[PDB]
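Remarks on the structure that follows.
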Ligand SMILES: Nc1ncnc2c1ncn2[C@@H]1O[C@H](COP(=O)(O)OP(=O)(O)OP(=O)(O)O)[C@@H](O)[C@H]1O
Ligand SMILES: Nc1ncnc2c1ncn2[C@@H]1O[C@H](COP(=O)(O)OP(=O)(O)OP(=O)(O)O)[C@@H](O)[C@H]1O
Ligand SMILES: Nc1ncnc2c1ncn2[C@@H]1O[C@H](COP(=O)(O)OP(=O)(O)O)[C@@H](O)[C@H]1O
Ligand SMILES: [Mg+2]
Ligand SMILES: [Mg+2]
Ligand SMILES: [Mg+2]
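Protein chains in written order, with this note's numbering: chain D, -19 to 79; chain H, 6 to 300; chain C, 40 to 514; chain G, 82 to 588; chain L, 28 to 309; chain E, 128 to 217.
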């Protein structure tokens, strides 16, 4: 329904369909834990001083430096393209609320 | 800078830049179509996006079209070379006589004179007309209402004021047409060329030699969009401020019509989505009229 | 329970609680602040978030400050200890005489009395004013309205009613100042200390003894935010409800102006996220007023007489505020600027004014008949204003000329010099009983005073003064 | 945990973390700005932008901060850095502003140097209460006959100067300012001296310059400071300037010094507030004005007060000015202000076009304070003058029939016409109180009834010069005793007789 | 699962109840077993007939120059303090003689007084005036006062129409009076604005016409097959400055079978009731 | 508040790494219809005041270019047009 609901439903569908579920689930859980523990990733998401290019670059570096599937990377690129990165944590809860 | 158009809503163009946004009131030149299009910034919105009012028509524009930032507001030329010519809000001439070869350019958005640089001694203006100097004496630095339409002899009064102030006080004059009828502008131009207020002498090669004249013209045509009709009086006002400051001589400014300027401001405020005031007018009415009249 | 301020918009504060929410109308105290800022809950918004209206200025608040829930709504003290003492909306005294040592406190918000607990017994008041005693008799135990613009004499009329009623009352009384000038508040305080309505005494040890007082005071004035103006009348109503419930004694409540209370809502609802109504007023313009007025009512326990001054912006009686307020009143008094420009004071328009206690089953048939004859006369005079202005009195017949004479005479005769006006008028006050008014009106209507001039009825009270003034004017 | 990654890629991430004292602009437009950051910012706090421009932290949303810019929206860009000054909006006060023109925020413009600083009293403070306040019991010498006589202005009062444009409002203000020179120079004690403040809001800059020049000519800037927020200036500054002037006067009020503040015109301030409100997308009301206009003017005016014996004893008058449209005072803003003030001074265009200047009507002009704001010497005369003018106003409907009318009516018309021609005054020519008393004593004793109306002007002037040459003792006795005893009254009658004897007039 | 409904029957007669049938007289509950839905479809074109029986108002100008029938919907429109509630209460009081001198329910006229926006003091005064004349054994009252929330003021007239439809369909004539309807419109505006619905003219919705049409079209004169009952309506409207060019008066004038205008000039000239027999029609 | 790109048929493509953006600047898909107005997603390249053509032969004028959609006025009735239709530039 909601924005995070839309993104979570799309990810749930595409994860149940093609790739996996446990991989993306653990990825979202790790991301949420990093958001709630680092205390700077949250500000990196919320701050507007960070350019879209720097955002995408940091996201791809996080992709490479961690166990990461391309579906979550496309999700993050989409949320950046639509100015919905602050809705990451909420979206994660939806992906955790489907369990 | 270089940016891209993100959307077009009639005469309201929203543009995107990658870095170093332009300040407000700056000018932006569109690249990729004829009929040179100038955009005046009016509002920042976020996402490195700005909103702009167009000085001309927006038909034929495309999203992603490239835009350049001039780095300063609309810059009108100034000098004794602007005498006898006609000019639009963006300084370009519309008299089909060549370009204005001026050695200077002034912004149309200039801060008013301060409290210190202002004269406390008022003084009349020796026109040379009996009824005026007797029963309704004018003043320097003043603003004179002229309640009268056509069929009364207004244009001849205008030309007489110009000629008499140029002869005696040695000061030039300026005429601004704020959304005037075009045939009226042609009639005024021909009447000026006839009465000697303008001296358009042909040259051998085919150019013109605007010798000692007594008035510049700045026409904002009725067919022009809102944004142009609202920024015409400032153009003529800067052209006159040039003579005031460096030349140091008294000048006469004629605006025909002040109300039309108010209408243009109200329209521009309605396009940008600002909530109108009491009688439909904009909420920036007195402020804009003061930004104008305090100069 | 502790909470955090998340958002601040002028006189509105959105707070966030973690564990448990407070109900609506509950009071919240901000801790990291100079004064005692109190917040009244108004809404719930989800995410354990709450919206509140501030009873004082929000300058100095921070997104992160701590807030404490008191667990109950605003509590105002009650008793005979509030008498002879000023108290703001949160009960804090601003009289500079000590604290209020009252035992019991009532909530600002109370449900109105029920249908069965009402007693509509018709009585009358002795105001001493000719116009209201004749054409708009005031009802003992009912609501009374004084409608007018700015500069027509509402405050002077309320002060006159205070001098002519409250001092001769015996029971208790209350005055609520809702968006009025602080100057007149101090003036009323000192006039009350003068007339003995407030009996202040300074003990040797700095304490005070207000024993003997018969009037409380509640003041939320123009120098206050809207939240501290939309909750003052409720404070005064609690203070009066205590008297007419437990004490069981008649009380007089005076409100200046009630319109300010609605105005505060107008400058609040925009911030609470509500769609505006016709003239920017609230959609809650009627319930927020009816919930205030229905608490004012005579019951089987006691009685509240009320005298409310109702502002009328731009002299427009079709405004939603006075239009709604008209439905809640038992007696009405509409002041006019057109009549004040003629020097007539009180500038009461006797045709727009009306009442429910004018029927012959309450007042006699001589009173009723005199009032109705006077109204007919004044309406017949009003009907000729256009033709007099255009053409002139000469076009009129003789009956119409007699009508015009008697109408001007009875207009000028319904003009009384009050006692409180002596400071800017000089002429002494004139209390007037009802039978003298009725006899004078009967004589003027019959034709026993056509010989007299027109300027002999101006500020004279009875008729003996009119005849003496005509004698002195013959010279 | 992962901060090294952001520090490596963003190249400067560690500095943008502390959003508690530094913020970043996001949007700009219509005088409003949005900031991200400044979590520890107070409401009403002053904020400093990158290019020296300033603003007020108006709204504290959940994440963003809505700011009002004290300037034009061209010195503020999206991306600019924003700091905290750490204090609420404040202005300087005390001695040091005297003789200095300043903007709304205490920044000078007359080009004479910087200004010293107290602890910088705040702007939107709360007014006093009921106990420390006191009733008005002493006057404010304005220097106008009609005002000082019939519409007396007290010291601790709020009287309104209301009238259409081009009627002599600023003239009344500047005369009130100028009349205080002799009273101030002759005392050297700040308890009796009266300073002043003149706040211009939306007024033309040329007029302010002319006023300052006229005050400097007459040495009336040793004790005045001017606060200019003109039409070219932004709307927030017009909205402020009244509050800044009142904050400057609160120093005199609390100290025990007496000050008078003049507002030119308040309606302009209301218009500026309407602008700022409509640009914040707020819902309009009557004439598009919001509901917070009454609160604006009432916040402003309730500070004018006469403090008590225990709060120092100071005072603060206020002579707000309002421009109507076709004399309509049944409008919204005039009625909003009439409900706030303690009086009213009306001005008409008919009387101003005829020639009657000052065009102060007297049936509509009122004053709640009244005689308490007068001395006994002026009471004894102004009572009779007010009564006679009331009679004249009553019986002027049938003035053309004066031949058909009795001698009483003709005498009333003659006395009223003489008084009406006596209330007239020139521009920048006030009068002392004793001189006013003497002139009105001459007037209300039939010495002007036979005299022709047009002569009454020069008569007055001559009479003044006479009493400034020989009868200075009478003037000092009136100024000291503040009363017209029988001895001074007889002396004055003898002087008037000698004057009418030694001088010739048309009748 | 229940749609909002109210009780109906003769148990309401002599009782004062709120918008939902809950009593407020303070004497006992409501003995009624059958309920009725509040919002309902009005009766169609076929189960109706022309108006032929009169509704004796007790007044002279009304009964003579502005007659009223049984099955009619006649508006009582005027300014404040002009004699509208008095007209309605006289109409109620005139029926006690007609009802006492019979035991045929087909000829008796029962009455319903709906008080929207009024204060409880006024409703108590009206109840007292009716009890003083024994005019309550055939009336009931539905009090949705000012302290009562907006939804009750919005629902009270429909509750009264539901209570009267029992008489209409049972073959017993009834007359229902709405005091004032405009107050109901104001309550509806409040509810709709607080539900974030968008406004229209004078901040009202567009559904005000539907609101009053829904309400007044339920008044009808049924045929001999549907019993032959009736439900007369006498709504009341308060205009401001006599402006019947406003939005609510215009609608309710265009959906009624008559008008009884009341003026203040005539009220003070001596004409009481202040019925302007020119504008008033039937 | 949702964008045409945020509907739950395209995000199933973006999330799946589908990069089938080869749909030219000429072709777009109708997103909304009503009262003689249509709102499209695509046509990044259409000029203001330009004519566009629908599946069923009807034509319209593009007036309100926006960052996420394109506003079109129809030279006919809306019964012909329905959500999901294709639009091409002339
Ligand atoms: N006593 C007076 N005698 C002669 N002229 C006067 C007098 N008082 C005022 N004036 C003249 O009236 C004119 C207007 O003066 P002033 O500026 O004080 O009026 P105003 O109401 O403030 O006009 P504005 O609306 O522009 O502010 C001036 O030319 C002034 O000389
Ligand atoms: N026939 C009548 N004769 C004399 N007086 C009447 C008559 N009818 C009504 N009145 C008087 O008119 C006044 C108003 O009564 P009523 O209750 O009818 O007011 P209204 O028209 O319903 O307006 P509102 O209820 O809003 O105040 C009362 O004083 C009443 O005595
Ligand atoms: N009886 C009266 N006699 C003389 N003047 C009056 C009288 N009543 C009112 N006024 C004048 O009208 C003004 C009304 O002010 P106020 O008493 O505060 O009424 P309001 O509250 O309606 O503004 C007073 O200043 C006074 O000069
Ligand atoms: Mg008052
Ligand atoms: Mg002025
Ligand atoms: Mg009624």
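Beta carbons are placed, not taken as given, at the ideal position from N, Cα and C, and that holds for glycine.
If residue i sits next to residue j, beta carbons under 8 Å apart, how far is it from one beta carbon to the other, in whole angstroms?
i	j	result
residue 294(G)	residue 312(G)	Rounded, the Cβ-Cβ distance is 20 Å, inconsistent with contact.
residue 439(G)	residue 517(G)	Their Cβ separation, rounded to whole angstroms, is 14 Å, which puts residue 439(G) and residue 517(G) out of contact at 8 Å.
Using a cut-off of 7 Å between C-beta atoms, extract the partners of residue i located in chain E.
i	result
residue 12(H)	192, 193 and 194
Out of the options, point me to the one whose CA is closest to residue i's CA.
i	options	result
residue 251(L)	222(L), 175(L), 236(L) and 198(L)	198(L)
residue 72(C)	84(C), 63(C) and 96(C)	96(C)
residue 148(C)	354(C), 370(C) and 327(C)	327(C)
residue 87(H)	209(H), 79(H) and 178(H)	178(H)
residue 3(H)	110(H), 65(H) and 75(H)	Summary: the structure shown does not reach residue 3(H), with chain H confined to residues 6 through 300, and so no result is reported for it.
residue 191(H)	57(H), 222(H), 128(H) and 127(H)	222(H)
residue 12(H)	172(E), 139(E), 211(E) and 201(E)	172(E)
Starting from residue i, trace the beta strand (DSSP E) in both directions and tell me its first and last residue.
i	result
residue 139(G)	135 to 141
residue 43(H)	43 to 51
residue 58(H)	54 to 59
residue 170(L)	166 to 171
residue 592(G)	As displayed, chain G neither begins before 82 nor continues past 588, which places residue 592(G) out of reach and without an answer.
residue 145(C)	143 to 146
residue 9(H)	7 to 14
residue 295(L)	No beta strand (DSSP E) holds residue 295(L); the alpha helix (DSSP H) holding it covers 291 to 296.
Along chain H, in chain order, which residues have C-beta atoms closer than 8 Å to that of residue i?
i	result
residue 172(E)	67, 68 and 69
Could you tell me which chain D residues have their CB closer than 8 Å to the CB of residue i, listed as they occur along the chain?
i	result
residue 139(E)	-10, -7 and -6
Report the neighbours of residue i on chain E: residues whose CB is nearer than 8 Å to its CB, in chain order.
i	result
residue 63(H)	175
Would you mind reading off the limits of the alpha helix (DSSP H) that contains residue i?
i	result
residue 420(C)	404 to 421
residue 102(H)	Element bounds for residue 102(H): n/a, residue is neither H nor E.
residue 188(L)	177 to 197
residue 53(D)	50 to 61
Starting from the beta carbon of residue i, find every residue of chain G whose beta carbon is closer than 9 Å, and list them in chain order.
i	result
residue 55(D)	Going along chain G, no residue has its Cβ under 9 Å from residue 55(D), so there is no contact; the nearest lies around 19 Å.
residue 14(D)	82 and 83
residue 463(C)	447, 448, 449, 450, 451 and 452
Whose Cβ in chain E lies nearer than 9 Å to the Cβ of residue i?
i	result
residue 36(D)	Simply none; closest approach about 14 Å.
Just by C-beta distance, which residues in the stretch 407 to 425 of chain G are closer than 9 Å to chain C? 410, 411, 412, 413, 415, 416, 417, 418, 419, 420, 421, 422, 423 and 425
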